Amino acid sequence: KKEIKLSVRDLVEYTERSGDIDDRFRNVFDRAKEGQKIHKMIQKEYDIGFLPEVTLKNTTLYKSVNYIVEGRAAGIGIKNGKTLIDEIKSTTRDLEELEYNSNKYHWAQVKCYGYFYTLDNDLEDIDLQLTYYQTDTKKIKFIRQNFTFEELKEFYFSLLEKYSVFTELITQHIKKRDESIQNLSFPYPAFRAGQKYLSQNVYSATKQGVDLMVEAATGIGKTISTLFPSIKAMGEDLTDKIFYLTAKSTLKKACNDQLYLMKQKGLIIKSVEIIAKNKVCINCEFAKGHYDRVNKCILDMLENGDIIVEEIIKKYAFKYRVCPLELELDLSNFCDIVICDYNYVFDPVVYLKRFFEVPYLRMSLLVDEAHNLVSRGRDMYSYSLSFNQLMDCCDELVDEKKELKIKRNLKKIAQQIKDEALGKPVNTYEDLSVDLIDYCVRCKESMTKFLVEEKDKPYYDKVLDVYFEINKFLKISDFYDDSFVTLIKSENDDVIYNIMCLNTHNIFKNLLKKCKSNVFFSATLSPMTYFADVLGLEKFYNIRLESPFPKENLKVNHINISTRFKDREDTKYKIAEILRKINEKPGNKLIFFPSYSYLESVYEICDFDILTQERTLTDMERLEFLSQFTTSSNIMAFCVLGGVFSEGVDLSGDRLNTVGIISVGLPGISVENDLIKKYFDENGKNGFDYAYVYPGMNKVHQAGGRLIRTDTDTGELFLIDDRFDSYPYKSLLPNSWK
């Protein structure tokens, strides 16, 4: 009844940690596919006897606790008469710096595998080996040592004793947590309309291990209707960790608020909110010694903490002088609910490697406002290189031998970009440039040694940047397949070399299979088959719940006036007349435009007071703008589709009574959107509908939902575009708006 499930990597991480952060080497820009090619070549040099990728498992009773531990060896078999266990690892360190215990974590892991194999095969001795390789050089080194069963047993039991401090707190928390969840009731007086159907579908998806897409209108309560069923499934041992993913830092409060309410009702749970490094930094000196003190801060927080938020993290981090970022990544290993941005799961650079590399746990994702993951998902797998930045770094170097080789490598990359441009303002290529990748790798090797010996140099920051850009550019290039294209733009006195991800379906799908359950939900997720396709869902269930509000409180007026780009200057006065008549109505009014250029054009011919939105608006200014939407003002406001005021605004009651939308929201025709249109055309999809209509109409959907926020709120919606009564736009309009 005392059981703790753990990976060998997680056991060694908390038992062998020591020293400072810079002593531990982390390459988050490692090209994995290239490394896996080296990994496979090493395993091809094995024998039919040396079996590869062998899973090793062990259950050991220690301190009355059953430690169920699992790991995977890269190879096991008899070699030279002795059984050999081989582990393959990528390294950025020099091979000469690699020796018997150079990396304690690596050798602790292979020793655990040895104890497992020796015990199950009556072996008395085993040879343990670490095969190290550098992905950019393909250089390989081997370190082989012999170990006795008794020595391995003593080492393994030592690691268990070091982890015992955590095991206990975890065991007691799981008992109290499941008890609280089993006795926990819906934290509100009664279920609202759709809540029972939504919760049941979320609970079933988590229990069966399936992907569920949900379009739920305002008023149904998407946060509690997703979190409560997910937490209940945790209390019934159906999932181990819940991830609440947000597209903006503001949306994390809703999840913490619902958890606070359930705590009041008896819920015993541990949650952590991950905050970006540049936001949780207290005020680097904690880096020295961090790994010698981080475990005790964790034990204090796990024992005395529940819902962990930014303030608490910084307090304990300052208290124990540990880096707050590394603290919170650690806490997420020991928390039940992880609240964090999409990047921590889907981005290739910052994803939580501890969880989404080799999952040994059941993970359930709750993706809030998933409509936002389409554009953002493409940005995570797209990157650029700029000729000007590379050349400007060259003009800072001072001809010193070390800087000269870097200056040369930078010029090679710059010339390769200019050559691939072919004197064309826009150039495209289906395949990735091997030469550009080769030049980027060489430049990286040349700058590495300088970065470690010249921090005093005054242009170090500029040189560190181009290093980051080329590193990240190389990392994105590892994903390049036939859902990518090369685009080279020659404008603004710069040649910008871009690797663009046109579709994230394959990459995201290979990520969602590592989780047990996935729930994508938003108020605007139409059509759900489009969003499912682009975000990697292949086998799934779709639930569309409509407004739980009275249909007599909303009045929708379609106005058939052409807003096509070629007719805007001709139809602007008709729009100005409609808006002037709207201005006569009582209450405040939000009028949305597809572009700033349209907003200013209509604004000019409007002879009445109008509050407009400017491109650059600080947080305070944004609060001032919305503050003028008093319940006693009579303000007409001009805003932009897809802008900061199209999402989030909660102008309830009489702060807003009229919303007007001027286009079907089509994105500006562009070469970026044309490549996306052509990709989907050549893959069996309506390209225009994928690149233009569906994102467009979804923006209309966003802005119109600013109007009715409560079942008491009433208002008028104005849809001004002859396309709102044409296909396919009318089908994409909400049923209440037609």
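Numbers for residues come from their place in the sequence shown, where the first is 1.
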*Do any residues of the deposited sequence lie unmodelled between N283 and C284, and which range holds their number: none, 1 to 3, 4 to 9, or 10 or more?*
4 to 9
*Using the B-factors recorded in the PDB entry, average over the C-alpha atoms of 490 to 498 and of 616 to 624, then report which stretch comes out higher.*
616 to 624
*Of the two stretches 94 to 102 and 191 to 199, which shows the higher Cα B-factor on average in the entry?*
94 to 102
*Quick one: which of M391, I275, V426, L579 has the biggest Cα B-factor according to the entry?*
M391
*Quick one: which of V309, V664, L299, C443 shows the highest Cα temperature factor in the PDB entry?*
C443
*Which third of the chain does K678 land in by C-alpha B-factor: lowest, middle or highest?*
middle
_B-factor third for the C-alpha atom of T60 within its chain_ = middle
*What third of its chain's C-alpha B-factors does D20 belong to: lowest, middle or highest?*
highest
*What third of its chain, lowest, middle or highest, does the C-alpha temperature factor of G49 fall into?*
highest
*How does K139 rank on Cα B-factor within its chain, lowest, middle or highest third?*
highest
